[PDB]
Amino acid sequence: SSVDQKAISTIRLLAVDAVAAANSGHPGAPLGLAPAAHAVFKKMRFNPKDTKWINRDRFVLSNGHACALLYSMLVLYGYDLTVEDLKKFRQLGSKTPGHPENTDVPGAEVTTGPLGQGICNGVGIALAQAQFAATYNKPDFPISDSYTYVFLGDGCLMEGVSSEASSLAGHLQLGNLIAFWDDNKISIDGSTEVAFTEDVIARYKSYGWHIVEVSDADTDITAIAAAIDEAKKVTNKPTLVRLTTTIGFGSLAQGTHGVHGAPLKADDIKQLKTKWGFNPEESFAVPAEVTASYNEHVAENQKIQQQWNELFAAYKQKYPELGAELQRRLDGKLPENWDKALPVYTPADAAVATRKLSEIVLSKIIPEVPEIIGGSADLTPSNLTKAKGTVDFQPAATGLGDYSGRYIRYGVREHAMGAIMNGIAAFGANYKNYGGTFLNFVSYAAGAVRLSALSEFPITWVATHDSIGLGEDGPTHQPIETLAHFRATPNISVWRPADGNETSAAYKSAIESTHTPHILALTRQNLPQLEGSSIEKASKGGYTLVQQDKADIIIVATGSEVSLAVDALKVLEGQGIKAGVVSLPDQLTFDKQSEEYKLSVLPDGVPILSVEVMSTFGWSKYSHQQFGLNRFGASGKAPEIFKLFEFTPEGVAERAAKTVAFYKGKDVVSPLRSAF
């Protein structure tokens, strides 16, 4: 249609004008993908006035540098984003940052820009939708039937994380996922011939995806719409639509790397405008006939949501218990008193590894909290992440599970697991999802973990085998730097529970979270139940385990080293030194407590020694002296490794005594004090 052509030109020119105003950003992919964006958004069901409608189709821009395109679509459709915001693209404090951020941009489902992430997030949105539909849909009640549309480029296809997620999505037969490859044969280094000559289509067929090819995606919106219709008929395979485009279509510099990532020249923008019937003297034009056309689609979508709300009301009458559960989840509330299922321990109970305590927690809470789902990256019998009696999330056609299942076999795919977890969280409906691996291999997923923090998603890593305590697998498996890395990242709760009560507190935090990802660092080896622990105290992140009013020293420790500190206190008593013990299961939670609470744990006037069998980085926030492990580990039986490195009651006591001596005659204030 004439109006469709005008809409595509409007999108292209809004994106170009936004880049021009900022004198920064990426015009090439927006120019190339405007036809496809127009066609996809016309097929999508969404409400710009209710961005959280649970049955909306989701869109993800994995090639996030192309965000001037996304912002233009959101503005044209009347989301809470305006032309005035587009004029502030890439400007400090604006609603139009240089890559899309879900916390800041209405209609941005996830935070993209780091390549490869968005397609994996789309896999997770689609996984969640399938699980959600299997859980709630009934005959005559299609509560959930939405699609997940993803745009990606060559860069996303080169990043290994996307291969992981695409292999898994094909295995999982995720037929409501429809991805679109911007096949423009250009990246920053020039032609894809220099580095990216694989047969992408053949690779996607090998994963079990359906393929549709659109040879002229610069103009053929009829074929793009038809490709979507075709994809919707293939209910047991995710679909990749090859969009053969010209990067920067219409620019004098189209088809070149120079159009990827810098503003166009002013004369180039003028010729674009006149070629397309726009005024070359005008910027940020929005023809009223485009607004009218887009408004008609919004109004239709709002009537669809209106009818869905009536369907949901009827569902609550026909299926009273499921309807109440669904309502509670859409309200963002956990079941009343769910935390009464958390296991509680006493000091008379047996020693247990915190990985096994975690298994026990999951066993108790999964039956009580339906919005918990999770999995492991091929470490299920090691991480202990599956509750007995649950069914795996698999397509029923495989015989290996069902979409109503609760447990995901991620395979050896940590990075994609992390990004898929972000997508499950992004779906909404109160999903509280988790992923297991060895702590040292959470590092394989750092790209996604950082985005969990920036995106404010309440995902959880069940990160077992946390230290040299794992023993014989040796230094390639033993974390040193890992907790420092994640603790140094803003907005990550890094729990390292010492015992049963602390493990329950860690899960209480992880499941109640709405804005903060969690990493639970858990042991291979057994640890005793501590005298003085409780869920109540551990929920403060740091607490006084052993109070000593006339302390010569306080030992602050985490995880497996708390019991070590308690044993060292006894050695010290025989040397005439009185120690207190602080357990610090989560530094972030502790930091968020009141100043007075924190000072009650780490007071002035007493030296404080930290003990944790990994990097000492960060620990000066809480201690004057630090006993840690700042070298790689060793392959041997774990107790022998602890002895080698002097992580023994006597080794801790020796360092505590040296700390007391070092501060003799000195005035000591809390590590919590600072000059500014």
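Only the largest set of C-alpha atoms that superpose within 1.5 Å between the two forms is called the rigid core. Residue numbers run from 1 along the displayed sequence.
* Line up the rigid core: which moves more in 6 other deposited structures of this protein, 376-384 or 549-557, by C-alpha RMS? -> Stretch with the higher C-alpha RMS distance in 6 other deposited structures of this protein: 376-384.
* Relative to the presented form, and with the rigid core used for superposition, do the C-alpha atoms of 225-233 or of 386-394 deviate more in 6 other deposited structures of this protein? -> The stretch that sits farther from the shown form in 6 other deposited structures of this protein is 386-394.
* **Of 197-205 and 326-334, the stretch whose C-alpha atoms average the higher B-factor in the entry** => Stretch with the greater average CA B-factor: 326-334.
* On average, are the C-alpha B-factors higher in 421-429 or in 345-353? -> Comparing 421-429 with 345-353, the higher mean C-alpha B-factor belongs to 345-353.
* Asked: Which of these, 443, 236, 489, 167, has its C-alpha atom at the highest B-factor, as the entry lists it?
  -> If I rank 443, 236, 489, 167 by C-alpha B-factor, first place goes to 236.
* Asked: Highest CA temperature factor in the entry: which of 594, 376, 544, 163?
  -> So the option with the highest C-alpha B-factor is 594.
* Among all modelled residues of this chain, ranked by Cα B factor, put residue 359 in the bottom, middle or top third, i.e. lowest, middle or highest. => Residue 359: CA B-factor falls in the middle third of its chain.
* Asked: Against its chain's modelled residues, does residue 59's Cα B factor rank lowest, middle or highest third?
  -> Tercile = lowest for this residue's CA B-factor.
* To do: Place residue 159 in the lowest, middle or highest third of its chain's C-alpha B-factors, as listed in the PDB entry.
  => Answer is lowest: the recorded C-alpha B-factor places it there.
* **Ranked C-alpha temperature factor of residue 134 among modelled chain residues, by third** => Answer is middle: the recorded C-alpha B-factor places it there.
* To do: Would you please rank residue 37 by its C-alpha temperature factor against the other modelled residues of its chain and give the third it falls in: lowest, middle or highest?
  => For residue 37, the deposited C-alpha B-factor lands in the lowest third.
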